[PDB]
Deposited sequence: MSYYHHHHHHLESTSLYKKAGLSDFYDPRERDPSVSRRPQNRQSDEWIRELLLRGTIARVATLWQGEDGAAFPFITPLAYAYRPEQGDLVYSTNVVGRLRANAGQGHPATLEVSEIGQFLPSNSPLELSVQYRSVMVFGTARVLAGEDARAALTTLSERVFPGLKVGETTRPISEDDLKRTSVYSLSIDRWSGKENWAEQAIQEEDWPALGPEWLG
């Protein structure tokens, strides 16, 4: 019968078979990384995206995403950045506002002959905390650190004129005080391939 036949046709596991393992490699699930790795990623990055919540037409909070220069200040336990982007009203009670900050390193797209193994090399950190606008000498110091970090060798007050009070009045400089963070890496040399489908040609991996 068709029924039985089809059932039979509807009707195995690399997962459990021999492989090589470097014992020094992270055993953390879900691509998660250590707190030290996160620190290092944040220290060497220069561009972040920041998401904060604004009240929308419908009264509901919704997020903006803004790419911007940033600097991690590990002693202070914050990240600093400058932007004059705003919405109408923040969806927030307070003098500070919750903010999520993301920093990534995006490598190469990794081709495969298995469509769900198609990937992209990445390292990515989400930082969760509370951002507050800085004033006066706090703002000037944060802007200096920021500027000097993202322009290595530049010195405010030598390379550039000093940061004036007018500059400060015209600029919004924030400190995002860190509560928690979450880091991920998937930086394979090659995507997982399917042995039982024709291999990718030289054009892909060569």
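Coordinate coverage of the deposited sequence breaks at 1, 13-21, these segments carrying no C-alpha atoms.
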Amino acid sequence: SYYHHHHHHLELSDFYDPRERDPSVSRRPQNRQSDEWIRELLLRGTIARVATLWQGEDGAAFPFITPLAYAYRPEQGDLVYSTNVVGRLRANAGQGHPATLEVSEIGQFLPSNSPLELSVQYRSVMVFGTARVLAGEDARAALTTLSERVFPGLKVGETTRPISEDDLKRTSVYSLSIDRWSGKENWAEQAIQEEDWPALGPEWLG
From here on, numbers count along this sequence of modelled residues.
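Of the two stretches examined, 182-190 and 13-21, the record assigns the greater average C-alpha temperature factor to 13-21. Checked against the record, the higher mean CA B factor of 117-125 and 85-93 lies with 85-93. Of the residues listed, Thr66, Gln30, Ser172, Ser177, the entry assigns the biggest Cα temperature factor to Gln30.
Per the PDB record, residue ranking by Cα B-factor puts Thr159 in the middle third of the chain. Remark: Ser34 belongs to the highest third of its chain, ranked by C-alpha B-factor as recorded.
When the CA B factors of the chain's modelled residues are split into thirds, the value for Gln55 lands in the middle one. When the CA B factors of the chain's modelled residues are split into thirds, the value for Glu40 lands in the middle one.
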